[PDB]
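Enquirer: For reference, this is start-v7.csv, and it has CSV, C-alpha atoms and all ligand atoms.
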```
chain,number,residue,atom,x,y,z
A,7,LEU,CA,-47.2,-26.9,47.4
A,8,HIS,CA,-50.4,-24.9,47.4
A,9,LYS,CA,-51.1,-21.1,47.4
A,10,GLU,CA,-53.7,-20.0,50.0
A,11,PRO,CA,-55.3,-16.6,50.4
A,12,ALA,CA,-54.3,-13.9,52.9
A,13,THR,CA,-54.7,-10.2,53.2
A,14,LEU,CA,-52.2,-7.6,54.3
A,15,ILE,CA,-52.5,-6.3,57.8
A,16,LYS,CA,-49.1,-4.4,58.0
A,17,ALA,CA,-45.7,-4.4,56.5
A,18,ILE,CA,-43.0,-5.0,59.2
A,19,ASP,CA,-39.6,-5.4,57.7
A,20,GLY,CA,-37.7,-7.0,54.8
A,21,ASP,CA,-38.5,-10.6,55.8
A,22,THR,CA,-41.5,-10.3,58.1
A,23,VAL,CA,-45.0,-9.2,57.3
A,24,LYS,CA,-48.3,-9.2,59.3
A,25,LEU,CA,-51.1,-10.9,57.3
A,26,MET,CA,-54.6,-12.1,58.0
A,27,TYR,CA,-54.7,-15.9,57.3
A,28,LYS,CA,-57.8,-18.0,57.7
A,29,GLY,CA,-59.3,-14.9,59.4
A,30,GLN,CA,-56.6,-14.6,62.1
A,31,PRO,CA,-53.8,-12.1,62.4
A,32,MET,CA,-50.3,-13.6,62.1
A,33,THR,CA,-46.8,-12.5,61.6
A,34,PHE,CA,-45.1,-14.4,58.8
A,35,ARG,CA,-41.4,-14.9,58.4
A,36,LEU,CA,-40.3,-15.5,54.8
A,37,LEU,CA,-38.8,-19.0,54.2
A,38,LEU,CA,-35.3,-19.4,53.0
A,39,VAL,CA,-34.1,-15.8,53.2
A,40,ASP,CA,-32.5,-13.3,55.5
A,41,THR,CA,-32.8,-9.6,55.1
A,42,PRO,CA,-30.6,-7.2,57.1
A,43,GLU,CA,-32.3,-5.8,60.2
A,50,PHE,CA,-33.6,-2.3,59.7
A,51,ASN,CA,-30.8,-0.8,61.7
A,52,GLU,CA,-28.2,-2.6,59.4
A,53,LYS,CA,-26.9,-1.7,55.9
A,54,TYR,CA,-29.5,-2.4,53.2
A,55,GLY,CA,-32.1,-3.0,56.0
A,56,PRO,CA,-34.2,0.0,55.3
A,57,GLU,CA,-34.0,-0.8,51.5
A,58,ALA,CA,-35.2,-4.3,52.2
A,59,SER,CA,-38.0,-3.1,54.4
A,60,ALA,CA,-39.1,-0.7,51.7
A,61,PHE,CA,-38.9,-3.3,49.0
A,62,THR,CA,-41.1,-5.8,50.8
A,63,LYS,CA,-43.5,-3.0,52.0
A,64,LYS,CA,-44.0,-1.8,48.4
A,65,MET,CA,-44.5,-5.3,47.1
A,66,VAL,CA,-47.1,-6.3,49.6
A,67,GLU,CA,-49.0,-2.9,49.8
A,68,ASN,CA,-49.3,-2.7,46.0
A,69,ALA,CA,-50.5,-6.2,45.6
A,70,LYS,CA,-54.1,-6.8,44.8
A,71,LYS,CA,-53.8,-10.4,45.9
A,72,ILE,CA,-51.5,-11.7,48.6
A,73,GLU,CA,-51.0,-15.5,48.9
A,74,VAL,CA,-49.4,-17.7,51.4
A,75,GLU,CA,-47.7,-21.0,50.4
A,76,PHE,CA,-46.5,-23.3,53.2
A,77,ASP,CA,-43.8,-25.8,52.6
A,78,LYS,CA,-43.9,-29.4,53.6
A,79,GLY,CA,-42.5,-29.0,57.2
A,80,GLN,CA,-42.9,-26.7,60.1
A,81,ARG,CA,-45.5,-24.0,59.5
A,82,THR,CA,-44.6,-21.9,62.6
A,83,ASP,CA,-41.3,-21.1,64.2
A,84,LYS,CA,-40.5,-21.0,67.9
A,85,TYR,CA,-41.7,-17.4,68.1
A,86,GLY,CA,-45.1,-18.3,66.7
A,87,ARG,CA,-44.4,-16.7,63.3
A,88,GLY,CA,-45.8,-18.4,60.3
A,89,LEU,CA,-43.2,-19.8,57.9
A,90,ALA,CA,-44.2,-19.5,54.3
A,91,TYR,CA,-43.4,-18.3,50.8
A,92,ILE,CA,-45.4,-15.1,50.2
A,93,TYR,CA,-46.7,-14.0,46.8
A,94,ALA,CA,-47.8,-10.7,45.6
A,95,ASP,CA,-49.9,-10.7,42.5
A,96,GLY,CA,-48.3,-14.1,41.7
A,97,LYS,CA,-44.7,-13.0,42.3
A,98,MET,CA,-42.8,-14.5,45.1
A,99,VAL,CA,-41.5,-11.9,47.5
A,100,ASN,CA,-38.9,-14.3,48.9
A,101,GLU,CA,-37.4,-14.7,45.5
A,102,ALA,CA,-37.7,-11.1,44.5
A,103,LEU,CA,-35.7,-10.0,47.5
A,104,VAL,CA,-32.9,-12.5,46.7
A,105,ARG,CA,-32.9,-11.5,43.1
A,106,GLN,CA,-32.5,-7.9,44.0
A,107,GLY,CA,-29.6,-8.5,46.4
A,108,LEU,CA,-31.7,-7.4,49.4
A,109,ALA,CA,-31.7,-10.8,51.0
A,110,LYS,CA,-29.3,-13.8,51.3
A,111,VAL,CA,-30.5,-17.3,50.9
A,112,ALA,CA,-30.5,-18.5,54.5
A,113,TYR,CA,-32.1,-20.7,57.1
A,114,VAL,CA,-32.3,-23.7,54.8
A,115,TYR,CA,-33.8,-26.5,56.9
A,116,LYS,CA,-34.5,-29.9,55.4
A,117,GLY,CA,-38.2,-30.5,54.6
A,118,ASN,CA,-38.9,-26.7,54.3
A,119,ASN,CA,-36.6,-26.2,51.4
A,120,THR,CA,-38.8,-26.8,48.3
A,121,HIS,CA,-37.8,-23.4,46.6
A,122,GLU,CA,-34.1,-23.6,47.6
A,123,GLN,CA,-32.7,-24.1,44.2
A,124,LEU,CA,-34.9,-21.4,42.7
A,125,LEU,CA,-33.7,-19.0,45.3
A,126,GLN,CA,-30.0,-20.0,45.0
A,127,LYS,CA,-30.3,-19.3,41.3
A,128,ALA,CA,-31.7,-15.8,42.0
A,129,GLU,CA,-28.9,-15.2,44.4
A,130,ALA,CA,-26.2,-16.2,41.9
A,131,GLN,CA,-27.7,-13.7,39.4
A,132,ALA,CA,-27.8,-10.9,42.0
A,133,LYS,CA,-24.3,-11.6,42.9
A,134,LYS,CA,-23.1,-11.6,39.3
A,135,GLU,CA,-24.9,-8.2,38.9
A,136,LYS,CA,-23.1,-7.0,42.1
A,137,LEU,CA,-26.6,-5.8,43.4
A,138,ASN,CA,-27.0,-4.2,46.8
A,139,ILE,CA,-25.6,-6.6,49.4
A,140,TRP,CA,-23.3,-8.0,46.7
A,141,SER,CA,-21.9,-4.6,45.8
B,1,LIG,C1,-36.6,-18.3,58.6
B,1,LIG,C2,-36.6,-19.2,59.8
B,1,LIG,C3,-36.2,-18.7,61.0
B,1,LIG,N1,-36.2,-19.4,62.1
B,1,LIG,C4,-35.8,-18.9,63.4
B,1,LIG,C5,-34.3,-19.2,63.5
B,1,LIG,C6,-33.7,-18.0,64.2
B,1,LIG,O1,-33.6,-18.3,65.6
B,1,LIG,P1,-32.8,-17.2,66.6
B,1,LIG,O2,-33.8,-16.1,66.8
B,1,LIG,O3,-32.6,-18.0,67.8
B,1,LIG,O4,-31.6,-16.7,65.9
B,1,LIG,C7,-34.6,-16.9,63.8
B,1,LIG,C8,-34.1,-16.0,62.7
B,1,LIG,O5,-35.2,-15.0,62.4
B,1,LIG,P2,-34.8,-13.5,62.1
B,1,LIG,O6,-33.9,-13.5,60.9
B,1,LIG,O7,-36.2,-13.0,61.8
B,1,LIG,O8,-34.2,-12.9,63.3
B,1,LIG,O9,-35.8,-17.5,63.4
B,1,LIG,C9,-36.7,-20.7,62.0
B,1,LIG,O10,-36.7,-21.4,63.1
B,1,LIG,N2,-37.1,-21.3,60.9
B,1,LIG,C10,-37.1,-20.6,59.7
B,1,LIG,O11,-37.4,-21.1,58.7
B,2,CA,CA,-33.6,-10.8,59.3
```
Written as structure tokens, how would this file's structure read?
Expert:
Amino acid sequence: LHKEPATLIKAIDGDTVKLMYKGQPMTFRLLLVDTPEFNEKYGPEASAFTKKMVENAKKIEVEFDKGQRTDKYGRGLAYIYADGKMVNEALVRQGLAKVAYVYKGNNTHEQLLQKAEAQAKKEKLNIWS
């Protein structure tokens, strides 16, 4: 996989963010994770976590997997990195997202994220508390 540049337009929630990519505004949905909706428990905390990570970054990058790059709603599907740290993973490691939506051919970082989840769960963090 390859990292590509993007810039933040606006944080949205725990697992969606609006970025400018190749000069065009797009909503991205984070691969392989599910954060609670804002109205659900840990939703606000997930929103806040993602917002802080992307707003504080000097450099946002997008990394598409090998499969589908957009979902049926037109959202980009990618791993998102903030100053080199994967937001997807960081969410899972902090117990603010579950590994989820693992579809074959867009699952390159599945094992990485399952490992993060196992550690979050062992720590009894957030969703696992
Ligand atoms: C994360 C991801 C979501 N989706 C679609 C599946 C779900 O369809 P439904 O809307 O029919 O449930 C929805 C979940 O996104 P949200 O968790 O953002 O609601 O997005 C994909 O198609 N591919 C993906 O990789
Ligand atoms: Ca969600």
Enquirer: When you look at residue 40 in chain A with a cut-off of 10 Å (counting all atoms listed in the file), what residues show up, excluding the ones that are within fewer than 4 positions of it in the same chain? I need them as number ranges by chain.
Expert: A: 20-22, 35-36, 58, 100, 103-104, 108-113
Enquirer: Determine, counting only C-alpha atoms, which protein, DNA and RNA residues have an atom within 12 Å of an atom of residue 125 in chain A; residues of the same chain fewer than 4 positions away are not included. Present the result as number ranges by chain.
Expert: A: 37-40, 91, 98-107, 109-112, 114, 119-121, 129-132
Enquirer: Between A:24, A:51, A:90, A:15, which residue has the minimum interatomic distance to residue 78 in chain A, considering all atoms listed in the file?
Expert: A:90
Enquirer: With all atoms listed in the file counted and 6 Å as the cut-off, give the residues of chain A in contact with ligand CA 2 (chain B), each with its shortest interatomic distance in Å and the pair that gives it, as a tab-separated table.
Expert:
```
residue	atom	partner	partner_atom	distance
A:40	CA	B:CA2	CA	4.7
A:41	CA	B:CA2	CA	4.4
A:42	CA	B:CA2	CA	5.2
A:43	CA	B:CA2	CA	5.2
```
Enquirer: Which of these residues is nearest to residue 70 in chain A, using only C-alpha atoms: A:83, A:19, A:95, A:122?
Expert: A:95
Enquirer: Between atom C1 of ligand LIG 1 (chain B) and CA of residue 67 in chain A, what distance in Å does the model show, to one decimal?
Expert: 21.6 Å
Enquirer: Using all atoms listed in the file for the distances, tell me which of A:84, A:136, A:116, A:127 is nearest to ligand LIG 1 (chain B).
Expert: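 Selected residue with least distance to ligand LIG 1 (chain B): A:84.
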Enquirer: How many Å separate CA of residue 97 in chain A from CA of residue 128 in chain A?
Expert: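 Between CA of residue 97 in chain A and CA of residue 128 in chain A the gap works out to 13.3 Å.
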Enquirer: Taking only C-alpha atoms and all ligand atoms into account, name the residue in A:27, A:140, A:61, A:34 that is nearest to ligand LIG 1 (chain B).
Expert: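 Nearest to ligand LIG 1 (chain B): A:34.
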Enquirer: Just to confirm, what's the straight-line distance from CA of residue 123 in chain A to atom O11 of ligand LIG 1 (chain B) in Å (one decimal)?
Expert: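 Interatomic distance here is 15.5 Å.
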Enquirer: Between A:56, A:96, A:117, A:29, which is the closest to ligand LIG 1 (chain B) once you count only C-alpha atoms and all ligand atoms?
Expert: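 Counting only C-alpha atoms and all ligand atoms, the residue closest to ligand LIG 1 (chain B) is A:117.
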Enquirer: Taking only C-alpha atoms and all ligand atoms into account, name the residue in A:138, A:32, A:133, A:79 that is nearest to ligand LIG 1 (chain B).
Expert: A:79
Enquirer: Could you give me, as a list in words, the residues within 12 Å of residue 68 in chain A, counting only C-alpha atoms and dropping anything in the same chain fewer than 6 positions from it?
Expert: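 With the cut-off at 12 Å, the set is residues 13, 14, 17, 60, 61, 62, 93, 94, 95 and 97 of chain A.
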Enquirer: Save the residues we just selected, C-alpha atoms, as a PDB file, in the coordinates of the input?
Expert:
```
ATOM      1  CA  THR A  13     -54.700 -10.200  53.200  1.00  0.00           C
ATOM      2  CA  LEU A  14     -52.200  -7.600  54.300  1.00  0.00           C
ATOM      3  CA  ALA A  17     -45.700  -4.400  56.500  1.00  0.00           C
ATOM      4  CA  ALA A  60     -39.100  -0.700  51.700  1.00  0.00           C
ATOM      5  CA  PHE A  61     -38.900  -3.300  49.000  1.00  0.00           C
ATOM      6  CA  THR A  62     -41.100  -5.800  50.800  1.00  0.00           C
ATOM      7  CA  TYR A  93     -46.700 -14.000  46.800  1.00  0.00           C
ATOM      8  CA  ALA A  94     -47.800 -10.700  45.600  1.00  0.00           C
ATOM      9  CA  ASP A  95     -49.900 -10.700  42.500  1.00  0.00           C
ATOM     10  CA  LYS A  97     -44.700 -13.000  42.300  1.00  0.00           C
TER      11      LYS A  97
END
```
Enquirer: Around (-49.4, -12.9, 51.1) in the file's own coordinates, what residues are found within 6 Å if you use all atoms listed in the file, given back as a list in words?
Expert: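 Counting all atoms listed in the file, I find these residues within 6 Å of (-49.4, -12.9, 51.1): residues 12, 72, 73, 74, 92 and 93 of chain A.
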Enquirer: Using all atoms listed in the file, which protein or nucleic acid residues come within 8 Å of residue 33 in chain A? Drop anything in the same chain fewer than 4 positions from it, and give the result as a PyMOL selection string.
Expert: chain A and resi 22-25+86-88
Enquirer: Please list, as a list in words, the residues that have an atom at most 9 Å away from (-49.4, -30.2, 50.3) in the coordinates of this file, counting only C-alpha atoms.
Expert: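 Nearby residues: residues 7, 8, 76, 77 and 78 of chain A.
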